[PDB]
Amino acid sequence: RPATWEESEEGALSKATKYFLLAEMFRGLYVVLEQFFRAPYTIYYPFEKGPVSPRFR
Amino acid sequence: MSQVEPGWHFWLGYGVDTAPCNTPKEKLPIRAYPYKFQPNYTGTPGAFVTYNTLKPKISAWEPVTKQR
Ligand SMILES: CCCCCCCCCCCCCCCCCC(=O)OC[C@H](COP(=O)(O)OCCN)OC(=O)CCCCCCCCCCCCCCCCC
């Protein structure tokens, strides 16, 4: 059975902190920002070329 | 990209480890004709003109008169 509000482990104040300060949204923003400092994947066609195999058609 | 010679085109694509100049003589095609490289000529007067390589299926009669 789904639990009711009164049987919740977290206090209302902590839940309200997460609610008003957008905790998971800031976690998402941080994960996005981490990509900004990684090596990109692009290659510079037509000066470079993607992989080609003997079987290519 | 059409100006890359064949063989180098494959190397640049990571097709092979060894560049064309470094390949042994055994693994080079033998040619009985002169080798000529020509890139893509589209948008130029050198573009390919296709045509039918066969003469027509049915050959008409060459008219000749005879005297009665
Ligand atoms: C604990 C005591 C606190 C006392 C009061 C606190 C004072 C004010 C607190 C400051 C922040 C208040 C403004 C944001 C409050 C967020 C409330 C919220 O979550 O909105 C929920 C809303 C749907 O409403 P609801 O039905 O209640 O959600 C339950 C759904 N089952 O659905 C939504 O609208 C989603 C939330 C909207 C978020 C907008 C995001 C757009 C921009 C992102 C901002 C992030 C910062 C960006 C800056 C870059 C980072 C450096």
# chains A, B, ... in the order shown; residues from 1 in each chain; ligands from 1
>>> closest_atom_pairs(of="chain A", to="chain B", cutoff="6 Å", atoms="only C-alpha atoms", output="Markdown table")
| residue | atom | partner | partner_atom | distance |
| --- | --- | --- | --- | --- |
| A:46 | CA | B:1 | CA | 5.9 |
| A:49 | CA | B:13 | CA | 5.1 |
| A:50 | CA | B:13 | CA | 5.8 |
| A:51 | CA | B:13 | CA | 5.2 |
| A:52 | CA | B:13 | CA | 5.3 |
| A:53 | CA | B:15 | CA | 5.6 |
>>> select_by_dssp(residues="chain A", states="helix (DSSP H, G or I)", output="number ranges by chain")
A: 12-21, 23-35
>>> atom_distance(atom1="atom CA of residue 21 of chain A", atom2="atom 14 (C, counted along the ligand's line) of ligand 1")
6.4 Å
>>> residues_near_ligand(ligand="ligand 1", cutoff="12 Å", atoms="only C-alpha atoms and all ligand atoms", output="list in words")
residues 11, 12, 13, 14, 15, 16, 17, 18, 19, 20, 21, 22, 23, 24, 25, 26, 27, 28, 29, 30, 31, 32 and 33 of chain A
>>> write_last_selection(atoms="C-alpha atoms", output="short mmCIF file (atom, residue, chain, number, x, y, z; two decimals), in the first residue's frame")
data_model
loop_
_atom_site.label_atom_id
_atom_site.label_comp_id
_atom_site.auth_asym_id
_atom_site.auth_seq_id
_atom_site.Cartn_x
_atom_site.Cartn_y
_atom_site.Cartn_z
CA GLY A 11 10.79 16.29 8.40
CA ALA A 12 8.63 18.85 6.67
CA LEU A 13 11.42 21.41 6.92
CA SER A 14 13.95 19.28 5.02
CA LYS A 15 11.39 18.46 2.33
CA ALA A 16 10.60 22.16 2.08
CA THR A 17 14.31 22.96 1.77
CA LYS A 18 14.56 20.59 -1.18
CA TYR A 19 11.31 21.98 -2.56
CA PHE A 20 12.24 25.65 -2.42
CA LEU A 21 15.95 25.41 -3.24
CA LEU A 22 15.53 23.02 -6.20
CA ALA A 23 18.03 20.40 -5.08
CA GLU A 24 17.76 17.95 -7.98
CA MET A 25 17.63 20.81 -10.49
CA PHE A 26 20.99 21.99 -9.21
CA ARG A 27 22.31 18.43 -9.45
CA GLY A 28 21.18 18.35 -13.07
CA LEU A 29 22.79 21.71 -13.71
CA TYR A 30 26.06 20.47 -12.23
CA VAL A 31 26.07 17.32 -14.34
CA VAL A 32 25.47 19.50 -17.41
CA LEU A 33 28.28 21.86 -16.40
#
>>> residues_around(residues="segment 38-40 of chain B", least_positions_apart="6", cutoff="10 Å", atoms="only C-alpha atoms", output="JSON, numbers by chain")
{"B": [1, 2, 3, 4, 5, 46, 47, 48]}
>>> write_last_selection(atoms="C-alpha atoms", output="compact mmCIF listing (two decimals), in the first residue's frame")
# COMPACT_ATOMS: atom_id res chain seq x y z
CA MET B 1 37.10 15.40 -50.62
CA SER B 2 36.97 13.89 -54.12
CA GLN B 3 40.53 15.13 -54.71
CA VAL B 4 42.01 12.62 -52.25
CA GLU B 5 43.63 9.88 -54.27
CA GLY B 46 33.70 18.01 -67.53
CA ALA B 47 30.68 16.36 -65.95
CA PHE B 48 29.84 12.85 -67.10
